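Here are the chains, one letter per residue:
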Amino acid sequence: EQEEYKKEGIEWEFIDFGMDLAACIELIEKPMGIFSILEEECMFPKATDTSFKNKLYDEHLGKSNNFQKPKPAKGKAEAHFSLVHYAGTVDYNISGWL
Amino acid sequence: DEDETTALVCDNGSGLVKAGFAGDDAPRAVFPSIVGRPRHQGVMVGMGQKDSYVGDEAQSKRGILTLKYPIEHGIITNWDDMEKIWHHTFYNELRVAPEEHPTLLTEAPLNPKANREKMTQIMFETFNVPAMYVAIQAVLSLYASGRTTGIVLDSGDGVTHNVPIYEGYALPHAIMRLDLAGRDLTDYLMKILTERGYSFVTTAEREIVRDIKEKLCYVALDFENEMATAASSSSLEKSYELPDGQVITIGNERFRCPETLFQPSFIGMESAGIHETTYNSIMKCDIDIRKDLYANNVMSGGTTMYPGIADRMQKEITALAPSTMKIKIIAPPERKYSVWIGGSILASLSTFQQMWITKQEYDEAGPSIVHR
Amino acid sequence: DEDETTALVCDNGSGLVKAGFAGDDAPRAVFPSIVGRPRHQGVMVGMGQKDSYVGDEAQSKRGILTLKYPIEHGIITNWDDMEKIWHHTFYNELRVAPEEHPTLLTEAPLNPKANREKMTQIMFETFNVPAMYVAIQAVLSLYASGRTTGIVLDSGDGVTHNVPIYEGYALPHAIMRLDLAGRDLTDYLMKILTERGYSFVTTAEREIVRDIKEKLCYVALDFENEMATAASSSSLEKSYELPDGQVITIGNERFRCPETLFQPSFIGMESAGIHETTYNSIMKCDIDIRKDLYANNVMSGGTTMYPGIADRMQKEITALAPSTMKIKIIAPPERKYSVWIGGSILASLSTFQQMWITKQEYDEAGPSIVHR
């Protein structure tokens with residue numbers, strides 16, 4: 001986009017459109033994010049899906065915006081955690097993950 | 001992979017270092033925790049003058065060097081000589097460059113705050129590692145046996161400990177330390193074996209008493225009517241062949257050596273013994289957590305490897321614990337590396353990445369950052 | 001049979017729940033009124049993670065949970081935790097499905113209008129019972145002793161009450177509540193027994209002081225020349241053997257504990273005591289009904305079980321009442337379940353069917369319907 005306004009000579013300033021999504025990505029891929037908590041617990045010989053779950057919350061819940069506790073009803077089957085992806089809210093079930 | 005391959009795990013002991021890559025099943029490197037300093041000027045053929053020697057070259061050449069142990073009773077006592085053992089570990093033993101490897105280290109049970117900050121100062125400021133982490137030893141042993149609550153009896157070369165852990169937090173006020181371990185135990189065998197009418201005269205006689213202790217020693221259950229058994233003289237005896245022919249026989253003393261761990265009185269120690277101490281740790285903890293600790297006595301350390309240690313401990317604490325209780329003494333086979341394996345698991349784990357102390361954290365927060 | 005078999009009776013207390021089927025002679029289920037919440041993350045062997053614990057599993061596992069009492073002084077204080085105790089009662093203790101059983105519940109003497117409406121809201125809207133009914137506790141106790149006019153001294157774990165009842169209607173303005181009961185009484189024994197030179201140190205020492213109170217405690221008549229008797233030291237003493245051998249002796253304190261119910265001053269209470277309060281309730285009632293109440297002092301509740309409670313009360317109120325009066329202190333043997341038994345009778349009764357609040361009444365009238 002920015003090339004055009006540069007080619008033409010228009011005066012339009014704008015922030016990267018990607019940026020809007022960085023929030024969600026960090027939450028997943030960053031160090032204290034989902035995957036990590038997921039892959040750490042996998043090291044605990046006596047961890048539970050339930051265990052994992054709590055770790056997920058204690059650390060992201062209330063502190064993270066893209067992080068949310070599910071909406072259990074509608075066409076959904078159970079509760080664990082929703083995320084706020086660009087496309088929308090996804091209700092995730094954590095069972096078997098470990 | 002960046003660091004999946006790349007995480008190092010170094011377990012610093014009083015007698016041995018255990019080291020290797022997070023991911024492996026066992027330590028890539030195991031070697032004595034010594035630093036030898038030559039008593040005289042001179043050289044080996046083909047080498048240059050060496051100021052210092054570490055690990056096995058210090059042990060092998062001990063006759064011309066003054067040997068020193070950096071870790072007294074699990075705590076680092078000399079920081080000049082420890083930085084020497086670390087240097088050796090990275091550069092010669094694992095042959096890695098440290099400045100591109102995250103390093104998980106271990107410390108002892110009530111390791112002084114200031115030390116955890118000092119080895120962090122040396123890891124980041126003289127070795128320039130990307131990130132590091134210090135785990136408590138009993139805590140890695142427990143975790144390597146799958147669980148998160150239990151009490152670890154940990155026993156190696158210079159210290160024994162009891163570290164009650166609840167949902168991962170080691171309980172400071174219930175931890176017990178008993179300064180009698182495998183080192184003390186080799187020297188006691190030594191005397192009951194010279195006392196059997198023998199002589200460990202040259203250094204090739206000294207060293208192998210320790211290999212007798214490891215191979216032939218036992219912890220008998222009913223150590224009472226085992227001495228009684230010794231006397232009727234059954235085929236309980238056991239002869240070991242020395243570096244040469246000199247077949248030495250050890251019948252009885254074979255178990256008189258680990259009976260030292262239950263009776264410190266065998267060695268002029270007035271302290272209580274392993275089983276009582278397991279127990280006392282436990283009646284120092286909260287009441288509601290005592291059924292948990294009792295069903296999860298995890299054992300780790302080289303000196304807890306004596307066969308029948310677990311059965312004796314099983315019966316030692318059943319008979320001190322209220323009968324309403326379930327006793328359970330877990331002693332895995334790899335226990336001489338539990339600590340290390342627990343670190344390998346943890347550091348290769350998917351969720352641990354967010355607890356690594358990075359140079360960013362350090363250059364910005366001071367050694368305080370990792371100290372917790 | 002549809003509901004002859006099918007009526008449930010649940011008596012919610014400050015210390016214990018009593019539950020069972022209308023028809024039975026005694027509660028099928030009796031258990032502490034606690035809800036435990038685990039202080040740490042972890043599991044028992046073979047079970048999953050449990051968010052909550054109720055009754056005896058909360059008591060037994062108290063060391064790792066934060067215990068909470070839903071009913072403070074007979075009134076439901078936490079409705080999240082009460083719905084938890086009810087759930088446990090139906091589904092685990094009595095193992096019934098509630099949606100096909102009429103449920104008779106009990107409430108306390110001056111239970112706030114809004115609560116009787118709230119437990120109705122929870123009975124019908126979250127448990128979906130067919131029909132229910134809330135009886136006042138003293139009123140079921142009286143009725144279980146056959147009569148309809150009398151005054152009940154009711155005393156359990158957190159509250160004591162006096163509820164004057166006339167032809168079935170409990171008299172609001174004459175009811176007295178004294179917040180000192182069996183809970184307060186176990187803690188006072190505790191101190192007069194440590195004060196006898198003892199130690200209830202571990203939790204297995206704490207719990208059994210309560211079993212000492214129940215088994216060996218007495219309410220002496222002429223508590224005056226009973227202390228005097230203690231001193232001459234007769235064979236009045238009584239030794240109890242602890243979980244182990246540790247034979248503890250209790251001679252005297254044995255009755256110093258229930259003398260607390262007549263003298264609240266023993267415990268820094270400035271309130272009047274049981275007998276005076278029986279009386280004051282009575283000189284707060286109509287004049288013409290006072291001969292009735294005096295000849296019908298019905299006792300109910302765990303704390304009124306101390307032997308010789310009735311004789312002391314007998315003489316306590318004779319000597320305060322006008323001599324033209326007949327005093328009569330009824331104390332039945334099953335009194336720790338009077339309340340429950342009165343509910344069992346009433347709810348299994350042939351004429352009670354027409355007072356059950358049905359979901360028809362509720363869905364049509366709102367919680368107001370049962371509130372009366």
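Conventions used here
Residues numbered from 1 in each chain as written, not as in the entry; some residues may be left out. Chains lettered and ligands numbered in written order. Part of a larger assembly, values for the part shown. Heavy atoms only, no water. Helix = DSSP H or I, 4+ residues; strand = E, 2+ residues; numbered from the N terminus. Rg over C-alpha atoms; globule rule 2.2 N^0.38 Å. Buried < 20%, exposed > 50% of the residue type's maximum accessible area, 1.4 Å probe, protein only. Contact = heavy atoms within 4.5 Å. Areas by Shrake-Rupley, 256 points an atom, 1.4 Å probe, with all protein chains shown as cover. Pairing = 2+ DSSP bridges. Patch = residues over 30% accessible without salt bridge, like charges linked within 9 Å, V, L, I, M, F, W, Y side chains within 5 Å. Salt bridge = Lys/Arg side-chain N within 4 Å of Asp/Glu carboxyl O. Buried area = accessible area lost by both parts, 1.4 Å probe. Polar contact = N/O pair within 3.5 Å; in protein donor to acceptor, adjacent residues only side chain to side chain. Nonpolar A, V, L, I, M, F, W, Y, C, P; charged D, E, K, R; others polar.

S.K.: Go over the overall build of chain A, please, and point to the residues and values.
M.R.: When helices and strands are counted, chain A shows 4 helices and 3 strands. Counted from the first residue to the last, chain A has its helices and strands arranged as α-α-α-α-β-β-β. In terms of C-alpha radius of gyration, chain A reaches 18 Å, well past the compact-globule figure of 13 Å for 98 residues. Dimensions along the principal axes, computed over C-alpha positions, put chain A at roughly 65 × 35 × 20 Å. Taken over 98 residues, chain A has a buried fraction of 24%. Excluding contacts between residues fewer than 6 apart, the proportion of contacts in chain A whose partners are at least 24 apart in sequence is 36%. For chain A, the exposed area adds up to about 7,000 Å²; of that, 52% sits on carbon and sulfur atoms.

S.K.: A description of the sheet that holds strand β2 (residues 81–84) of chain A should follow, citing residues and the corresponding values.
M.R.: All names here are of chain A. Spatially, 3 strands are ordered β1-β2-β3 in an open sheet, and the strand pairing comes out antiparallel. For this open sheet the edge positions go to β1 (67–68) and β3 (89–92), each flanked by a neighbour on one side alone. Both β2 and β3 contribute to a ladder of 4 bridges, which runs antiparallel. Its bridge partner being in β3, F81 is matched across the sheet by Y92.

S.K.: Account for the pairing of strand β2 (residues 16–21) of chain B, with residues named and values stated.
M.R.: Residue and element names in this part refer to chain B. Buried residues dominate β2, accounting for 5 of its 6 residues. When strand β1 (residues 8–12) meets β2, the two strands line up antiparallel, connected through 5 bridges. Each bridged residue has a counterpart across the sheet, and for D11 the counterpart in β2 is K18. Between β1 and β2, which pair antiparallel one after the other, the connecting turn spans 3 residues.

S.K.: So what's going on with a nonpolar patch on the surface? Which residues, and what values?
M.R.: On the surface, A:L21, A:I25 and A:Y86 cluster together to form a nonpolar patch covering roughly 340 Å² of accessible area. The exposure class assigned to A:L21 is partly exposed, which follows from its relative accessible area of 32%.

S.K.: Explain the interface of chain C and chain A to me, and be specific about the residues and the numbers.
M.R.: With 4 residues of chain C at the interface, the matching set in chain A holds 4 residues. Between chain C and chain A, roughly 250 Å² of surface is buried when both sides are summed, and carbon and sulfur atoms account for 59% of that area. Of all residues in chain C, C:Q41, C:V43 and C:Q49 bury the most surface against chain A, accounting for 88% of the area lost on that side. Summed over the shared surface of chain C and chain A, the result is 0 salt bridges. The tally of links from chain C across to chain A stands at 0 residue pairs in polar contact. Of the residues contributing to the side of chain C that touches chain A, the split by class is 2 nonpolar, 2 polar and no charged.

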